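Reminder, nothing fancy here: chain letters follow the sequence lines and each chain counts from 1. Note that these values count all heavy atoms, side chains included, but never hydrogens, waters or copies made by symmetry.
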Amino acid sequence: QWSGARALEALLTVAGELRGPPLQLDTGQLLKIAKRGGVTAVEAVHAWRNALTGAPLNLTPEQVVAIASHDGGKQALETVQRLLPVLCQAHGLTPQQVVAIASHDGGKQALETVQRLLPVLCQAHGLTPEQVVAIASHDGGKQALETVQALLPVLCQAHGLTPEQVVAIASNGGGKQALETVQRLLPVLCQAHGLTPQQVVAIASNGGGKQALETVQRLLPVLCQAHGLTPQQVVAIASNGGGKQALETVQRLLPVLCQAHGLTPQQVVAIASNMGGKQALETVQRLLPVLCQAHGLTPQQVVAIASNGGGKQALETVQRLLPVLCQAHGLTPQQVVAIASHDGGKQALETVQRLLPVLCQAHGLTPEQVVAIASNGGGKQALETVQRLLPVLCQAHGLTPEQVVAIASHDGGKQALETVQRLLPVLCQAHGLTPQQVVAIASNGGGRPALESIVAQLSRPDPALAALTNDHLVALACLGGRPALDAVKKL
DNA sequence: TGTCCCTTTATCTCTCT
DNA sequence: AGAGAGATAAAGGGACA
């Protein structure tokens, strides 16, 4: 017999029960826990289903799933029910922060280390609990936390970094490795290659930060005379997420892409300067001619699609969908390029294909409006949120579809929409803002925290803002959102 | 195998002017 | 408004007990 048969039946038996009270988990939630936390995590969730759901902890189903769905998920579940009350009552963390720390591989370790080191990091090293939480909230959080305790002094004193920079480097998966590498390579990269400490911190502050720094050290000379790449270009490739893989792939593919396709080094660097830049470049090499053939898309448009995180996904999705979206849905190919040219272009493209008919027929939007909503980062999220909230926003709150479309049509559109839905009543009824004013605040990137800052100032007034009328606060919030409001308090 | 840690890739949100 | 940046998540490998 296949040995895993017994364990699979075990998994499936306990699985079916969890669909019952008090968690009621779907198949996706169940598969998720099984694939990352394994059967032990599934058995643990069931075993501790009642201890977590309500009294005392009051963890949602979602939160239980978030904790359970990682390597050692069973350990994190045991640790949370034990340490959540300690970290909340004795260190003043919110349950949300405890759950965030918990929801990574080795969550147990992170939680116990936060419990152990938060006092010394805050008192003796001058960090805030929020900074400690951020450091802890990644795989290997325990290692990062111990490494920050160990290295914060030498990094600030011997190497001139600020505590904020140290915290930023630590606040990535593998943070311990990046910190140790920065300690070693900061003088080398700064003195031999003329990089600013800020540039070094930028390269280091990514997952795989150790690899990106070591690859910059190794490849900077070669890249900056053989290829006539500037240091600024190499730093950009190394600091934007693509890191080590992106840098090595730029070395390989720059001449190929320029010579075979007529791209500039700037176009190649742009493609490279994203998460998964390696994947994007290789896909461009493959797919550009296929996309530009038969007088199809231009190289320029192919570059734009490629030049975002998930570029590879965007490119292949366009390849699969350009025909059906243009022909069956009636989009210009220029409209398809527009939707594709953002982080998560693939998600947005697939969501437009799925939801354009529904948004048009059931909600009365134009395809232009669907395209506009789709054409931002997280376009998929904004499109699904418009589908869900258009009727309550229009019918119960009185907004026009035009206003809903405007709110949705920025990065974070989903967040802006949910926050208007949530806060419009108290803003208008309780505080005398007009709906137009609420829509105006919400119709920018950062619409949600801009709205929340306004509500905070109207419900728990900070005297530092008291000289501003509601109208002036509205103008400020529209101009620069939460940050402008915060900046104004500081003076 | 279960748990911990690290790296890559992809997606989403907000800030900075 | 479009670059820059942080946050978050999925998924695979190394390491070890």
Side-chain angles (χ1 to χ4, degrees), chain A residues 3-4 7 31-32 35-41 43-44 66 69-76 100 103-110 113 133-134 137-144 147 167-169 171-178 181 201-202 205-212 215 236 239-246 249 270 273-280 283 304 307-314 317 341-348 351 375-382 385 409-416 419 444-450 452 479-484 486-487:
Chain A
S3 49
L31 174 71
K32 181 176 166 170
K35 186 174 170 173
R36 199 51 181 197
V39 313
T40 57
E43 295 181 325
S69 48
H70 312 270
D71 290 4
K74 171 184 177 182
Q75 306 299 311
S103 311
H104 304 276
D105 295 349
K108 167 185 187 178
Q109 299 306 315
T113 307
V133 166
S137 294
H138 309 273
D139 294 348
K142 160 174 170 196
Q143 298 305 313
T147 304
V167 168
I169 300 170
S171 292
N172 298 84
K176 165 188 203 309
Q177 306 296 314
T181 305
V201 170
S205 303
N206 293 279
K210 170 177 188 287
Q211 315 292 320
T215 306
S239 64
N240 273 269
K244 162 185 191 174
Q245 297 303 313
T249 301
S273 296
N274 281 294
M275 298 285 175
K278 161 170 173 192
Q279 296 305 313
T283 296
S307 309
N308 295 282
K312 163 170 163 176
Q313 301 305 313
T317 309
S341 310
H342 302 279
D343 282 7
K346 161 184 181 195
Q347 298 309 313
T351 309
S375 300
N376 293 282
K380 166 180 188 204
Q381 299 302 316
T385 307
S409 296
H410 309 268
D411 286 8
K414 165 184 189 183
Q415 302 304 314
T419 305
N444 297 282
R448 144 136 101 144
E452 290 172 340
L479 188 63
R482 164 177 64 190
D486 290 11

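One can place CG of A:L479 at 14 Å from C1' of C:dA1, the figure rounded to the nearest angstrom.
Put simply, OG on A:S69 and NZ on A:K32 are 4.0 Å apart, with the number rounded to the nearest 0.5 Å. Note that the CD1 atom of A:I169 and the OG1 atom of A:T147 stand 12.0 Å from one another [nearest 0.5 Å].
The minimum heavy-atom distance linking A:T40 with A:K74 is given by the pair O-CB, 4.1 Å.
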Output one letter per nucleotide in nucleotides 7-17 of chain C: B when a protein non-hydrogen atom lies under 4.0 Å from the base, S when only the sugar-phosphate is that close, - when neither is. B--SBB-----
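In the set B:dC12, B:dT8, B:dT7, the nucleotide with an atom closest to the side chain of A:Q177 is B:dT7.
Across all strands shown, A:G72 has heavy atoms under 4.0 Å from sugar-phosphate atoms exclusively, and none from any base.
Using a 3.5 Å distance cut-off with no hydrogens or angles, the side chains of A:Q279 and A:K312 do pair a donor with an acceptor.
At least one donor-acceptor pair under 3.5 Å links the side chain of A:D343 to the backbone N or O of A:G309.
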